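Trainee:
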Amino acid sequence: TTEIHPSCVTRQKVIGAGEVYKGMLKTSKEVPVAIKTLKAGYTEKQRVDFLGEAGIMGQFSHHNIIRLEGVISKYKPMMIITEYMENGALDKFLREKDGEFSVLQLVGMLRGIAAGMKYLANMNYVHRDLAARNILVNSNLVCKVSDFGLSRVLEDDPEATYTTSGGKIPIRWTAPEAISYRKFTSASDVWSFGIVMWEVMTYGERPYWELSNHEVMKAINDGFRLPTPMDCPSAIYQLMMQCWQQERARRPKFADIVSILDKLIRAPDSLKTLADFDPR
Ligand SMILES: COc1cc(NC(=O)c2ccc(C)c(Nc3nc(-c4cccnc4)nc4c3cnn4C)c2)cc(OC)c1
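According to the authors' numbering, the residues represented by the sequence shown are 605 to 622, 626 to 635, 639 to 890, in order.
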């Protein structure tokens with residue numbers, strides 16, 4: 605990757621925990643960035659993984675994948691530096707802006723997420739935690755796939771007889787074959803994308819809000835699926851459903867998804883919903 609020198613970085617406003628700062632980065639002028647820093651006390655596990663995340667991020671270069679500016683690996687604090695995404699996480703953003711977007715604008719956000727996942731699928735990179743809480747949004751509504759790593763935070767005692775293996779999965783976002791057999795593929799990512807479509811079209815509602823984790827797992831294997839979002843065009847809900855086919859080989863590929871949405875976008879009568887009608 606690109607090694608940044610501490611001299612070119614300046615932290616400013618703390619904005620989260622993983626800490627994650629807002630700061631500035633000099634190039635020769640300066641730009642705003644997000645700075646992920648390791649806890650002020652760490653282990654070979656918590657440090658070797660911190661660096662290992664950034665080696666993965668550096669492989670990605672796409673308009674819809676969070677862009678790694680560089681890393682600071684030879685000083686304290688160590689830093690993983692990315693572009694700054696002003697509007698934060700998609701799911702919180704959509705609840706904030708509940709109702710303020712047209713169907714065209716929401717489907718444009720899904721097109722961008724799909725385009726990032728298509729790029730990852732062609733790298734043979736499986737995400738495993740594709741959800742709105744892992745999509746960042748910039749001031750131009752461009753959505754970029756990210757991973758905050760909450761699946762890999764473990765609460766095991768350091769002397770426990772039994773420990774978590776293989777991280778944790780987001781039950782409500784994970785395809786059945788992945789839950790049951792740990793068969794993680796881009797096809798299980800497509801399932802998760804279907805859930806993300808539902809998140810966007812409901813402005814961040816909680817999937818299967820009425821049900822417990824075990825009741826979701828039962829519902830899914832009994833053949834039920836999330837219901838239509840309000841004001842959702844027929845074609846969009848039809849597309850989620852195809853993402854949630856029980857046999858993974860029958861689901862669309864991310865390439866088919868990007869293409870299906872492009873066609874709806876360029877024939878926007880297919881995206882008409884009465885709530886977008888203005889009598890004026
Ligand atoms: C192996 O796993 C992978 C790891 C990654 N890593 C990241 O996506 C990652 C790492 C480092 C940084 C600095 C950011 N940047 C942000 N993160 C947060 C944030 C806030 C609170 C808690 N956690 C995160 N807020 C941000 C930004 C930018 N703007 N804002 C408002 C993202 C990506 C992978 O696939 C592409 C795969």
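Heads up, the beta-carbon is just placed ideally off N, CA and C, and yes, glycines get one too.
Among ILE875, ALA699 and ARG615, which one has its Cα closest to the Cα of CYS753?
Mentor: Locating residue 753 in the sequence shown gives position 143, counting from the first residue. Closest option to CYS753, Cα to Cα, is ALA699.
Trainee: According to DSSP, is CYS853 helix, strand or coil?
Mentor: Start at 1 with the first residue of the sequence shown, and residue 853 comes out as number 243. Three-state DSSP puts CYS853 in a helix.
Trainee: Please determine whether the Cβ atom of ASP879 lies at a distance below 6 Å from any heavy atom of ligand 1.
Mentor: Walking along the sequence shown from the start, residue 879 turns up at place 269. No.
Trainee: Going by C-alpha to C-alpha distance, which of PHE711, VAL826, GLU857 and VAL747 sits closest to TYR813?
Mentor: Your numbering for residue 813 matches position 203 in the sequence shown. For the residues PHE711, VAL826, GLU857 and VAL747, the minimum Cα distance to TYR813 belongs to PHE711.
Trainee: Leaving out five residues on either side along the sequence, give the residues of the same chain with a beta carbon under 7 Å from the beta carbon of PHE864.
Mentor: To locate residue 864, count along the sequence shown from 1; it is residue 254. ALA724, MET727, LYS728, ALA731, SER796 and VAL800, listed in sequence order.
Trainee: In angstroms, rounded to a whole number, what distance separates the CA positions of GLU787 and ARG738?
Mentor: Mapped onto the sequence shown, residue 787 falls at position 177. Mapped onto the sequence shown, residue 738 falls at position 128. Each residue's Cα considered, the two are about 12 Å apart.
Trainee: Using only CA atoms, which one of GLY759, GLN852, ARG762 and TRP808 lies nearest to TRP783?
Mentor: Stepping through the sequence shown from its first residue, residue 783 is reached at position 173. Per the Cα distances, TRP808.
Trainee: Which residues mark the beginning and the end of the alpha helix (DSSP H) in which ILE676 is found?
Mentor: Taking the first residue of the sequence shown as position 1, residue 676 is located at position 66. Element bounds for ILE676: n/a, residue is neither H nor E.
Trainee: Could you pull the start and end residues of the beta strand (DSSP E) that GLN669 belongs to?
Mentor: By one-based count along the sequence shown, residue 669 stands at place 59. No beta strand (DSSP E) contains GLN669, which DSSP labels as neither H nor E.
Trainee: Using a 10 Å radius around the Cβ and a threshold of 16 neighbouring Cβ atoms, would you call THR771 buried or exposed?
Mentor: Along the sequence shown, read from residue 1 onward, the residue named residue 771 stands at position 161. Flag for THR771 reads exposed.
Trainee: Quick one, which of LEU746, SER611, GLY662 and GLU663 has its alpha-carbon nearest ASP701's?
Mentor: Reading the sequence shown from its first residue, position 91 is the one you call residue 701. Of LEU746, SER611, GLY662 and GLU663, the residue nearest in Cα terms is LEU746.
Trainee: Along the alpha helix (DSSP H) that carries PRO837, what are the first and last residues, could you check?
Mentor: The residue given as residue 837 occupies position 227 in the sequence shown. Neither: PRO837 is in no alpha helix (DSSP H) and is coded neither H nor E.
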